[PDB]
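# sequence, then the experimental structure. Questions to follow.
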Amino acid sequence: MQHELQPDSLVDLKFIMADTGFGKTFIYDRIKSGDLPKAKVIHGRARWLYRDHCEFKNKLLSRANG
């Protein structure tokens, strides 16, 4: 299921894990550190904004993690 979205769109955890290759725990921490998730999370999960990925990825891509 290759679904393409734009910076502002609704992503899911599985997507993030595909996007990043890392675990959920890393996501919530790292994305908060990115620029605080604008993602619409109300019950531990819901819908994530891809923007938060872009901004989080930004800091990791800059530092070159790994």
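Perfect, thanks for sending it. Numbers count the residues shown, from 1 in each chain.
# which residues in the protein form strands?
Here the chain has its strands, by DSSP state E, at 10-11, 40-41, 46-49.
# please tell me I have it right and residue 7 contacts residue 54.
Yes - using Cβ atoms under 8 Å, residue 7 is in contact with residue 54, at 5.5 Å. Any C-beta I mention is one placed from the backbone N, CA and C, and that applies to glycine too.
# more neighbours: which of these two?
residue 54 (14 against 11; other Cβ atoms under 10 Å).
# any idea how far the more buried one lies from residue 44?
As judged by Cβ to Cβ, to the nearest Å, residue 54 and residue 44 stand 23 Å apart.
# what does residue 64 give?
In terms of Cβ to Cβ, residue 64 sits 31 Å off from residue 44.
# do residue 11 as well
16 Å.
# more neighbours: those two, which one.
The neighbour comparison of residue 11 against residue 44 (other Cβ under 10 Å) goes to residue 11, with 19 against 6.
# partner residues bridging that one?
residue 48 (DSSP bridges).
# distance from stretch 19-35 to the middle of the chain?
With Cα atoms, centre = their mean, to the nearest Å as the basis, stretch 19-35 stands 6 Å off its chain's centre.
# over to stretch 51-66?
Its chain's C-alpha centre and that of stretch 51-66 lie 10 Å apart, by Cα atoms, centre = their mean.
# what are the contacting residues of it?
7-8, 11, 16, 19-20, 30-31, 33-39 (Cβ atoms under 8 Å, 6 or more residues apart in numbering).
# in helices only, show me those residues.
Counting by DSSP state H, these place 16, 19, 20, 30, 31, 33, 34, 35 in helices.
# go ahead and flag the most central residue of this structure.
In the chain, the residue lying closest to the centroid (Cα atoms, centre = their mean) is residue 53, at 3.5 Å.
# how much space separates that one from residue 20?
For residue 53, the distance to residue 20 - Cβ to Cβ - is 8 Å.
# nearest spatial neighbour of residue 27, chain-adjacent residues omitted?
By the measure of Cβ to Cβ, 6 or more residues apart in numbering, the closest residue to residue 27 outside its immediate chain neighbours is residue 16, 5.1 Å from it.
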